[PDB]
Trainee: 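Take a look at this one; I'll ask things after.
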Amino acid sequence: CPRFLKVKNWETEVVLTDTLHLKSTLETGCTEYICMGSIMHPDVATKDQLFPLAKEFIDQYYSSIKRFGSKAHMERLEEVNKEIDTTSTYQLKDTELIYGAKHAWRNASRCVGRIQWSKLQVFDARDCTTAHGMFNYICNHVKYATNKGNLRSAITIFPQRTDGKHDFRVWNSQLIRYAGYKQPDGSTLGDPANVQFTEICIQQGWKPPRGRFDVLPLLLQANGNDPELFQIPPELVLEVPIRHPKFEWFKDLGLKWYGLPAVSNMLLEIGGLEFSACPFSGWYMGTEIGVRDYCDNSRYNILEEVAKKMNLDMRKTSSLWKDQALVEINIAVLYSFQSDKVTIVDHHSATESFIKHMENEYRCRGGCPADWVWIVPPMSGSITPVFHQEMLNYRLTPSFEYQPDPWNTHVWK
Amino acid sequence: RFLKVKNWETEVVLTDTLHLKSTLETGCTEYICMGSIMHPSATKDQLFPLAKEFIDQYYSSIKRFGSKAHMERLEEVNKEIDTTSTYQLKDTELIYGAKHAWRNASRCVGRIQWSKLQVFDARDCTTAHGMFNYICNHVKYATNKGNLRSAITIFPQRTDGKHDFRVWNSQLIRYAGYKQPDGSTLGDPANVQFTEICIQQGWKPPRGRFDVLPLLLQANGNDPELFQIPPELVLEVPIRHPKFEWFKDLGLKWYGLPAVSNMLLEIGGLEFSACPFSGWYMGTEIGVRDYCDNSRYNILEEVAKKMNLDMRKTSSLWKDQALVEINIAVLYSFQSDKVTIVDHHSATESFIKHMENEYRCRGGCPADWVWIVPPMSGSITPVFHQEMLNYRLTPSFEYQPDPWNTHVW
Ligand code: HEM
Ligand code: HEM
Ligand SMILES: Cc1cc(N)nc(CCc2cc(CCCN(C)C)cc(C(F)(F)F)c2)c1
Ligand SMILES: Cc1cc(N)nc(CCc2cc(CCCN(C)C)cc(C(F)(F)F)c2)c1
Ligand SMILES: C[C@H](O)[C@H](O)[C@H]1CNc2nc(N)[nH]c(=O)c2N1
Ligand SMILES: C[C@H](O)[C@H](O)[C@H]1CNc2nc(N)[nH]c(=O)c2N1
Ligand SMILES: [Zn+2]
């Protein structure tokens, strides 16, 4: 590969030079003949697979603290090598775990919020042994991150994978989500995205309220055991009722959403170690709720109901009634969160901050992998600065990865 | 391998076999994706295999592969490359090649129309006056009093690279842009440079906001020449809004005919450095990009003011509001004037339908998600949720350098 790749911003003419791509470790899925950039998704490490992965990471950590080649560096390398040799794995030091998590975020090409990457509270839950313990750790995480509406980004890291039959998993895809219920008539109550998981919960013993916004229980797997159900204490779940600054009828739609976005189904990979349970949370960009959660056809799908209330002509698509309603919905979301003092960021501010971040990273780090398809917001793309920004996408490690859904793999005891 | 693309809204899965037919590179590697880079990255010996490949797929498409006509054509092209260092396409081949360049254009959301393309053969042209005549005929045919019709005019192919035909304008119809003493820009900033070249070559600029530029036409490698397109051929739409009666007072207009004139058509090794082609607008091209890009007409503030919007915080989404109203005005104006235009909802729906057709009858459809998804309201259009595979098939339209960075006078 060429040593220097250039990216241009077509609005500012600013040109940046990427050297960081040379540290790329995993594959994108693209080839020289085909690009898979819009594709959503394109038994453990053996001793020999693990050695060079650990060393690569340890080298990187010690390079970051400006102690590369030091005695402490050679010693740590030696101790890790010993541990892999005699146990087929190793344990990260707390300092290394913290560095790794922060860098997994820093390296997450799909995330527009990375300007905040170095402010991440890391909760070390590697001593956890049971589902009840996992629940305690998750409650503490939710309460800390929620902070009464002044959200703080955080991750909780449960024990790494060993042989693959003792995995810790949060079965939920997010810590906080609403239930979806398929009706006999084929309609759906609640959030259609969560129907499958909701059914699993009901089968596991959950008694569902069968409402539009029922917070799902946590379904927690510790040490490869069958997963267990827990109800998040409702006082720990911050929610925001959605109203509009101009339209007084908006609150009559009875919408609300939860304050804390917390992904709980990804795998954190550090130095060849695999943490299959690492729920992390930040705060929302408005469009995630206002465009995707509310206006996607396969989600709450409210555009029509809002358009009717707006008295829009909905006979021709060229009236742009969908676009008009979409903006008002997103206005309402931003206004409801700001009024209730729950942290949220609009897509203009988030994308402008991301460009600033990206430029700093090109300066200090030699690049910043970014997935344009994901970085550009789902509405009003070209009036945000990221639309005009060329981006190089590549996979650095440590990283957050996708993993199969646990019910597809779990060996029921 | 066979590749699957999923639509995450409909759960429809399609299988791509067509990508196996490509030979040209995308720029990505196994480790770096360049999907959002705008521009990533003959001889007798290079020429014949490219000719062969092209002749072969032409004859495979009329179901006469390995026929006498096919055999003779391969022989005929062989002889001609050997004797003359190039070859000439039959008319049937020229038409097939141009339609297929469009069909293969991964960045075009308009391809459901690909096989309805009026092809004008201008390969007998020798002078800039000849070019002007061909271009005027194109513009008149394609404009059709508002009932727009897709067309392409093809001028002589490249020979030695010293005798190129080029249309210097980036589009056939575009508005001039002027640098002001006060540092700002009058008209369209995208064309400031081109405008200065016209002025420097003798164009007398009216210095308005929407002055149609002259054509600058280069024939057979010679210095380009200026021509004014007869005004009765230039269809324009005054932009007004269906509810905001103050909108027409913004003095906005645009032309009806989008006609890209700066691209290179490649067919079977032959390069056509002048092939202006035209269709009709998708509304967002004008209403979002031309009017609202910071580096273009940049009218959001002005509109937002007239709507009395709170402009202090970005979180009031005042920009988004102004953007939607502008695009409503553009659609309404073109529709009221009976000038062909498509909204991004209709155009993207048609593209999904087109993708389904292509997968069925052709085994795939190369598409660039970065370009196909509209510059506003992305995820409320079906293409946002549509996985797409991007790859390069030939014949194709390609970028080429601006003529003024290469031309010696
Ligand atoms: C602090 C405020 C944050 C904001 C505003 C933010 C914003 C976003 C947005 C808008 C997306 C795309 C979401 C989607 O459309 O599904 C995203 C994705 C992502 N974020 Fe961030 N994020 C934040 C915090 C975090 C944190 C704390 C982490 C990890 C420590 C993180 C890691 C990721 C990852 C891995 C993705 C890709 C998710 C996927 O592929 O499904 N983000 N972020
Ligand atoms: C007939 C109706 C048509 C519609 C609605 C349409 C729509 C579009 C749009 C929206 C784009 C993206 C434009 C941009 O963002 O700059 C585009 C690009 C493109 N179109 Fe189409 N188009 C049409 C006709 C045609 C025709 C007739 C041809 C050629 C024969 C063509 C070939 C191309 C090519 C090569 C591009 C890529 C331009 C570039 O890479 O800069 N299109 N089209
Ligand atoms: C930490 C964090 C902060 C932030 N602002 N956003 C995120 C992304 C979370 C997210 C997940 C998901 C996945 C849910 C649906 N599948 C399970 C089917 C969706 C969204 C959404 F829809 F974009 F808002 C957002 C994560
Ligand atoms: C044939 C055709 C039909 C159609 N509807 N659209 C096109 C693309 C035309 C087009 C060109 C260009 C290039 C001019 C700007 N640069 C010089 C900075 C831009 C756009 C737009 F508006 F940005 F989408 C659209 C071509
Ligand atoms: C098909 C396409 O890749 C898919 O719909 C992507 C597009 N861009 C996205 N961008 C974000 N932020 N989130 C998403 O879920 C998606 N979905
Ligand atoms: C950097 C990025 O590739 C560039 O801004 C692209 C994004 N998508 C686009 N999409 C279309 N249709 N037209 C464009 O000019 C662009 N510009
Ligand atoms: Zn790629």
Side-chain angles (χ1 to χ4, degrees), chain A residues 27-42 105 108-114 116 120 145 151 153-155 172-178 180 191-197 257-266 278-296 298-300 333 343-345 347 350 371-379 381 386 391-394 400 402 405, chain B residues 5-9 25-37 40 367-370 372-373 378-379 381-391:
Chain A
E27 287 168 326
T28 58
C30 297
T31 73
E32 189 163 78
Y33 294 139
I34 193 169
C35 169
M36 299 205 190
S38 68
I39 302 298
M40 282 242 240
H41 317 295
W105 182 10
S109 64
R110 290 177 167 175
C111 175
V112 72
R114 291 178 274 170
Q116 291 283 333
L120 177 68
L151 316 182
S153 77
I155 180 162
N172 309 60
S173 53
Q174 303 181 232
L175 301 179
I176 298 182
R177 286 211 88 173
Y178 297 126
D191 183 344
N194 302 318
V195 170
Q196 187 181 10
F197 176 77
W257 205 252
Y258 49 90
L260 195 72
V263 168
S264 55
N265 63 349
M266 291 183 83
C278 56
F280 56 84
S281 56
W283 53 80
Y284 265 119
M285 184 167 80
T287 55
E288 295 178 82
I289 306 173
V291 185
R292 308 302 316 281
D293 298 324
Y294 283 168
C295 295
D296 273 18
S298 70
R299 301 293 300 279
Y300 284 84
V333 171
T343 310
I344 190 159
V345 66
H347 51 288
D371 182 345
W372 196 98
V373 171
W374 274 62
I375 296 291
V376 177
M379 71 179 289
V386 288
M391 302 177 190
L392 287 176
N393 191 20
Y394 50 89
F400 290 112
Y402 292 129
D405 292 322
Chain B
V5 299
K6 187 174 170 186
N7 185 295
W8 287 92
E9 174 199 275
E25 310 163 346
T26 62
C28 303
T29 77
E30 281 75 17
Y31 287 97
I32 300 93
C33 181
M34 291 195 181
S36 61
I37 302 305
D368 188 333
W369 191 102
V370 174
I372 300 288
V373 175
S379 71
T381 66
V383 290
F384 180 97
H385 306 273
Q386 185 58 57
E387 293 185 342
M388 301 169 197
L389 292 169
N390 193 23
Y391 46 99

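Both counts, for ligands and for their atoms, begin at 1 and track the order of listing. Proteins get letters first, then strands, A, B, ... in listed order; numbering begins at 1 in each.
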Trainee: What's the shortest distance from atom 8 (N) of ligand 5 to any protein heavy atom, and which residue and atom give it?
Mentor: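 Result for atom 8 (N) of ligand 5: A:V373 O, 3.0 Å.
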Trainee: Would the distance check show the side chain of A:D191 and the main-chain N or O of A:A193 forming a donor-acceptor pair, the cut-off being under 3.5 Å?
Mentor: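 Side chain of A:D191 to backbone of A:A193: a pair is present.
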Trainee: Between B:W369 (side chain only) and B:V383 (backbone N and O only), is there a donor and an acceptor less than 3.5 Å apart?
Mentor: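 Yes, because the side chain of B:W369 sits within donor-acceptor range (under 3.5 Å) of the backbone of B:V383.
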Trainee: If the cut-off is 4.0 Å to any non-hydrogen atom of B:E387, which atoms of ligand 5 fall inside it?
Mentor: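 What qualifies from ligand 5 is 1 (C).
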Trainee: By number and element, which atoms of ligand 5 are closer than 4.0 Å to a non-hydrogen atom of B:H385?
Mentor: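 Answer, ordered by atom number: 1 (C), 5 (O).
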Trainee: I'd like to check the side chain to side chain contact (heavy atoms under 4.5 Å, CB included) partners of A:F400; sequence neighbours left out, ordered by chain and number.
Mentor: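 Here the qualifying residues are A:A104, A:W105, A:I155, A:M266, A:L268, A:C278, A:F280.
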Trainee: Which protein residues come within less than 4.0 angstrom of ligand 3, counting heavy atoms only?
Mentor: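 The 4.0 Å shell around ligand 3 contains A:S173, A:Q174, A:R177, A:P261, A:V263, A:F280, A:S281, A:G282, A:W283, A:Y284, A:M285, A:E288, A:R292, A:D293, A:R299.
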Trainee: Is the side chain of B:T26 donor-acceptor paired with the backbone N or O of A:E32 at a distance under 3.5 Å, no angle test?
Mentor: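 Pair found, side chain donor or acceptor close to backbone of A:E32.
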Trainee: May I ask you to test the A:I344-A:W283 pair for a side-chain heavy-atom distance under 4.5 Å?
Mentor: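 Not touching, per the 4.5 Å side-chain cut-off.
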Trainee: Counting both backbone and side chain atoms, is some N or O of A:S38 under 3.5 Å from an N or O of ligand 5?
Mentor: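 Yes: some nitrogen or oxygen of A:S38 is under 3.5 Å from one in ligand 5.
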Trainee: Side-chain contact test, heavy atoms from C-beta onward, threshold under 4.5 Å: evaluate it for A:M391 versus B:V370 and give yes or no.
Mentor: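 No - every pair of side-chain heavy atoms lies 4.5 Å or more apart.
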Trainee: Who's closest to atom 12 (N) of ligand 5 heavy-atom-wise, of A:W374, B:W8, B:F384?
Mentor: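 Looking at heavy atoms only, A:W374 sits closest to atom 12 (N) of ligand 5.
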Trainee: Below 4.0 angstrom from a heavy atom of B:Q386, which ligand 5 atoms are there? Numbered from 1 as shown, please.
Mentor: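 By the 4.0 Å cutoff, the relevant atoms are 1 (C).
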Trainee: Looking at ligand 5, does any of its N/O atoms fall within less than 3.5 Å of an N/O of A:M40?
Mentor: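 N/O-N/O distance under 3.5 Å: no.
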Trainee: Only one of A:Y294, A:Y284, A:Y300 forms a side chain to side chain donor-acceptor pair (under 3.5 Å) with A:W257, so which one is it?
Mentor: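 It is A:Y284, the one option of A:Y294, A:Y284, A:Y300 that forms the side chain to side chain donor-acceptor pair (under 3.5 Å) with A:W257.
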Trainee: For A:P42, what residues pass the side chain to side chain contact (heavy atoms under 4.5 Å, CB included) criterion, not counting sequence neighbours?
Mentor: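 Here the qualifying residues are A:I39.
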Trainee: Please confirm whether the ring centroid of B:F384 lies under 6.0 Å from the ring centroid of B:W8.
Mentor: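 They do not qualify: ring centres at least 6.0 Å apart.
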Trainee: Excluding waters, how many protein N/O/S atoms sit closer than 2.8 Å to the Zn ion (ligand 7)?
Mentor: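 The number of such protein atoms is 4.
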Trainee: A:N194 side chain to A:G180 main-chain N or O, any donor-acceptor pair under 3.5 Å?
Mentor: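 No; judged by distance alone, with no hydrogens or angles, the pair does not exist.
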Trainee: Please check if the side chain of A:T287 supplies one atom and the backbone of A:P378 the other of a donor-acceptor pair under 3.5 Å.
Mentor: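 Flag not set: sc A:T287 to bb A:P378 has no pair under 3.5 Å.
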Trainee: Using atom types as modelled and distance alone, determine if a side-chain donor or acceptor of A:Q174 lies under 3.5 Å from a backbone N or O of A:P261.
Mentor: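 No.
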Trainee: Going through the checks in order, is the side chain to side chain donor-acceptor pair (under 3.5 Å) test met by A:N172 and A:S264?
Mentor: CA-CA 6 Å; A:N172 309 60; A:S264 55; 5.6 Å; no
Trainee: Heavy-atom contact check, 4.0 Å cutoff: does A:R292 meet ligand 5?
Mentor: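 So A:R292 counts as touching ligand 5.
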